[PDB]
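Shown here: protein_22.cif, mmCIF, C-alpha atoms and all ligand atoms.
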```
data_model
#
loop_
_atom_site.label_atom_id
_atom_site.label_comp_id
_atom_site.auth_asym_id
_atom_site.auth_seq_id
_atom_site.Cartn_x
_atom_site.Cartn_y
_atom_site.Cartn_z
CA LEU A 1 -13.76 0.63 8.08
CA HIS A 2 -13.20 4.40 8.35
CA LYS A 3 -10.94 6.80 6.54
CA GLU A 4 -8.89 9.09 8.83
CA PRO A 5 -6.75 12.07 7.95
CA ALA A 6 -2.99 12.09 7.52
CA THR A 7 -0.45 14.29 5.79
CA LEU A 8 2.57 13.26 3.75
CA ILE A 9 5.96 13.63 5.47
CA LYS A 10 8.10 11.71 3.00
CA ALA A 11 7.89 9.02 0.39
CA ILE A 12 9.97 6.01 1.34
CA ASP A 13 9.46 3.21 -1.15
CA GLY A 14 6.73 1.39 -3.07
CA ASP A 15 4.87 0.07 -0.08
CA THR A 16 6.00 2.31 2.80
CA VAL A 17 5.44 6.01 3.37
CA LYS A 18 6.07 8.42 6.24
CA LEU A 19 2.87 10.20 7.25
CA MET A 20 1.77 12.41 10.09
CA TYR A 21 -1.16 10.73 11.77
CA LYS A 22 -2.97 12.19 14.85
CA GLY A 23 -0.09 14.74 14.77
CA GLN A 24 2.75 12.19 15.13
CA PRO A 25 5.20 11.05 12.46
CA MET A 26 4.90 7.40 11.63
CA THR A 27 6.04 5.04 8.94
CA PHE A 28 3.08 3.21 7.34
CA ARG A 29 3.35 -0.16 5.59
CA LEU A 30 0.59 -0.72 3.11
CA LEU A 31 -1.73 -3.67 3.89
CA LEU A 32 -2.01 -6.71 1.63
CA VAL A 33 0.76 -5.83 -0.81
CA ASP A 34 4.42 -6.38 -1.50
CA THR A 35 6.43 -4.14 -3.80
CA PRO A 36 9.92 -5.08 -4.96
CA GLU A 37 12.69 -3.53 -2.94
CA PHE A 38 14.38 -0.59 -4.57
CA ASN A 39 17.38 -2.64 -5.52
CA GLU A 40 15.16 -5.29 -7.24
CA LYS A 41 13.51 -5.23 -10.67
CA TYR A 42 10.56 -2.81 -10.76
CA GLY A 43 11.54 -1.53 -7.24
CA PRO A 44 12.45 1.93 -8.55
CA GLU A 45 9.21 2.03 -10.65
CA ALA A 46 7.10 1.06 -7.63
CA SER A 47 8.81 3.65 -5.44
CA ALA A 48 8.20 6.27 -8.10
CA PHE A 49 4.62 5.32 -8.51
CA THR A 50 3.83 5.63 -4.76
CA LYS A 51 5.89 8.84 -4.43
CA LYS A 52 3.95 10.49 -7.26
CA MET A 53 0.58 9.33 -6.08
CA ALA A 54 1.25 10.59 -2.50
CA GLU A 55 2.96 13.90 -3.43
CA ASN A 56 0.32 14.89 -6.01
CA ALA A 57 -2.59 14.23 -3.66
CA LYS A 58 -4.55 17.12 -2.17
CA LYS A 59 -5.73 14.84 0.64
CA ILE A 60 -4.10 11.66 2.05
CA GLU A 61 -6.14 9.36 4.26
CA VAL A 62 -5.38 6.17 6.11
CA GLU A 63 -7.86 3.39 6.86
CA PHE A 64 -7.07 0.75 9.44
CA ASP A 65 -8.48 -2.72 9.17
CA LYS A 66 -10.08 -4.77 11.96
CA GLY A 67 -6.90 -6.29 13.36
CA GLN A 68 -3.40 -5.22 14.22
CA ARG A 69 -2.72 -1.51 13.53
CA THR A 70 1.06 -1.71 14.11
CA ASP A 71 3.56 -4.38 13.03
CA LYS A 72 6.53 -5.76 14.91
CA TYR A 73 8.75 -2.88 13.61
CA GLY A 74 6.29 -0.24 14.84
CA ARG A 75 5.01 0.57 11.34
CA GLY A 76 1.36 1.39 11.01
CA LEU A 77 -0.59 -1.10 8.89
CA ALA A 78 -3.26 0.52 6.79
CA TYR A 79 -4.86 1.10 3.49
CA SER A 80 -3.93 4.55 2.19
CA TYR A 81 -5.96 6.79 -0.10
CA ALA A 82 -4.81 9.66 -2.31
CA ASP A 83 -7.76 11.93 -3.27
CA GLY A 84 -10.05 9.01 -2.61
CA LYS A 85 -8.07 6.44 -4.68
CA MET A 86 -6.55 3.46 -2.79
CA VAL A 87 -2.81 3.39 -3.24
CA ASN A 88 -2.67 -0.31 -2.31
CA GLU A 89 -5.13 -1.20 -5.09
CA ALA A 90 -3.43 1.06 -7.62
CA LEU A 91 -0.03 -0.50 -7.15
CA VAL A 92 -1.56 -4.01 -7.62
CA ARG A 93 -3.59 -2.82 -10.64
CA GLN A 94 -0.39 -1.56 -12.35
CA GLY A 95 1.53 -4.77 -11.74
CA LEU A 96 3.95 -2.95 -9.40
CA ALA A 97 2.92 -5.01 -6.32
CA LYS A 98 1.75 -8.51 -5.58
CA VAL A 99 -1.05 -9.28 -3.21
CA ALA A 100 0.82 -10.61 -0.16
CA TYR A 101 0.88 -10.79 3.60
CA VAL A 102 -2.78 -11.60 3.86
CA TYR A 103 -3.34 -12.21 7.53
CA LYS A 104 -6.73 -13.26 9.01
CA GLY A 105 -8.56 -10.24 10.47
CA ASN A 106 -6.66 -7.62 8.47
CA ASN A 107 -7.96 -8.72 5.14
CA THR A 108 -11.07 -6.63 4.43
CA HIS A 109 -9.94 -5.57 0.95
CA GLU A 110 -8.33 -8.82 -0.15
CA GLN A 111 -10.82 -9.69 -2.84
CA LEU A 112 -10.77 -6.18 -4.30
CA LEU A 113 -7.01 -6.43 -4.58
CA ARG A 114 -6.96 -9.94 -6.00
CA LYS A 115 -9.31 -8.76 -8.73
CA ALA A 116 -6.89 -5.97 -9.59
CA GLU A 117 -3.97 -8.41 -9.66
CA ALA A 118 -5.87 -10.69 -12.04
CA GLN A 119 -6.39 -7.70 -14.34
CA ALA A 120 -2.73 -6.70 -14.23
CA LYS A 121 -1.64 -10.25 -14.90
CA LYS A 122 -4.10 -10.51 -17.88
CA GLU A 123 -2.53 -7.29 -19.28
CA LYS A 124 0.97 -8.63 -18.64
CA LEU A 125 1.92 -5.44 -16.80
CA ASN A 126 5.30 -4.80 -15.22
CA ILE A 127 6.06 -7.67 -12.80
CA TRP A 128 3.69 -9.86 -14.86
CA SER A 129 5.50 -9.06 -18.16
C1 LIG B 1 2.38 -6.07 5.29
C2 LIG B 1 2.70 -6.67 6.63
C3 LIG B 1 4.00 -6.96 6.91
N1 LIG B 1 4.32 -7.50 8.14
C4 LIG B 1 5.74 -7.88 8.47
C5 LIG B 1 5.95 -9.32 7.94
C6 LIG B 1 7.36 -9.27 7.41
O1 LIG B 1 8.28 -9.72 8.48
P1 LIG B 1 9.86 -10.01 8.17
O2 LIG B 1 10.55 -8.64 8.14
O3 LIG B 1 10.23 -10.84 9.41
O4 LIG B 1 9.96 -10.67 6.83
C7 LIG B 1 7.60 -7.81 7.08
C8 LIG B 1 7.66 -7.59 5.58
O5 LIG B 1 7.68 -6.14 5.30
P2 LIG B 1 8.47 -5.62 4.13
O6 LIG B 1 7.90 -6.27 2.86
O7 LIG B 1 8.27 -4.14 4.26
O8 LIG B 1 9.95 -5.98 4.21
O9 LIG B 1 6.59 -7.10 7.75
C9 LIG B 1 3.34 -7.74 9.10
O10 LIG B 1 3.65 -8.29 10.20
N2 LIG B 1 2.05 -7.48 8.87
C10 LIG B 1 1.69 -6.97 7.63
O11 LIG B 1 0.47 -6.76 7.45
CA CA B 2 8.43 -4.82 0.13
#
```

Write the structure described by the file as structure tokens, please.
Ligand SMILES: Cc1cn([C@H]2C[C@H](OP(=O)(O)O)[C@@H](COP(=O)(O)O)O2)c(=O)[nH]c1=O
Ligand SMILES: [Ca+2]
Amino acid sequence: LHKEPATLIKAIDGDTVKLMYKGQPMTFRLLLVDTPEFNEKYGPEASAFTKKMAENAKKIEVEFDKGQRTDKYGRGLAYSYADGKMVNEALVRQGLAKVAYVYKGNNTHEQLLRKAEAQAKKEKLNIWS
């Protein structure tokens, strides 16, 4: 997989962000995770976590997997990095997302994320509390 440039347009919620990619605005949905919706428990904390990580970053990058790059709603499907740190992994590591939506052929980082989830669950963090 390859990291490609993007710039932040706007935080949306814990697992979706609006980025400019190849010079076009697009909403990205983060691969392999599910955050609570804003109206659900930990939703506001997940949204805040992603917003801070994206807004504080000097450099945002997106990394597509091997499979589908767009979902049925036209959202890009990627892993996103803020100053080299994977946002997807970070959310899971903090217990603010579950590993989810693991589809064959877009699952390169599944084991990395499941290891983070196991650590969050051992620490009883947030959704695992
Ligand atoms: C993360 C991800 C979500 N989706 C679709 C499945 C879900 O469809 P439904 O909307 O029919 O439930 C939806 C969940 O996204 P959200 O968790 O953003 O709501 O996005 C994909 O198709 N591929 C993916 O990799
Ligand atoms: Ca969600």

- Tell me which protein, DNA and RNA residues are within 9 Å of stretch 30-42 of chain A, counting only C-alpha atoms, leaving out same-chain ones fewer than 4 positions away, and put them as a PyMOL selection string. chain A and resi 13-17+46-47+64-65+76-80+87-89+91-92+96-103+106-107+109-110+113+126-127

- residue A:9 surroundings by all atoms listed in the file, 9 Å radius, close-in-sequence under 6 positions cut, as a VMD selection string: chain A and resid 17 to 20 25 to 26

- What's the 10 Å shell around residue A:4, counting all atoms listed in the file, without same-chain residues fewer than 5 positions away, as a list in words?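 Contacts, in chain order: residues 21, 22, 60, 61, 62, 63, 64, 80 and 81 of chain A.
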
- Message: Using Å and a single decimal, report how far atom CA of residue A:23 sits from atom CA of residue A:10.
- Response: 14.7 Å

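Checking A:84, A:122, A:66, A:48 one by one against residue A:105, counting all atoms listed in the file, you find the shortest gap at A:66.
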
- Kindly indicate which residue among A:85, A:29, A:115, A:75 lies nearest to residue A:54, using all atoms listed in the file for the distances.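 Ranking A:85, A:29, A:115, A:75 by distance to residue A:54, first place goes to A:85.
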
Put the listed atoms of ligand LIG 1 (chain B) in a box along x, y and z with 8 Å added on every side and give me the centre and edge lengths in Å to one decimal, as JSON.
```
{"center_x": 5.5, "center_y": -7.5, "center_z": 6.5, "size_x": 26.1, "size_y": 22.7, "size_z": 23.3}
```

- Hey, which of A:2, A:121, A:51, A:104 ends up closest to residue A:67? Count only C-alpha atoms.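 Among the listed residues, A:104 lies closest to residue A:67.
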
- Would you mind reading off the distance between atom CA of residue A:125 and atom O6 of ligand LIG 1 (chain B), one decimal, in Å?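 Straight-line distance from atom CA of residue A:125 to atom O6 of ligand LIG 1 (chain B) works out to 20.6 Å.
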
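When all atoms listed in the file are used to measure the gap to residue A:43, the shortest distance among A:1, A:27, A:72, A:12 belongs to A:12.
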
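With distances restricted to all atoms listed in the file, A:44 is the closest residue to ligand CA 2 (chain B) from A:44, A:116, A:94, A:8.
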
- Note on the structure: Using all atoms listed in the file, the best pick from A:24, A:111, A:129, A:50 as closest to residue A:7 would be A:24
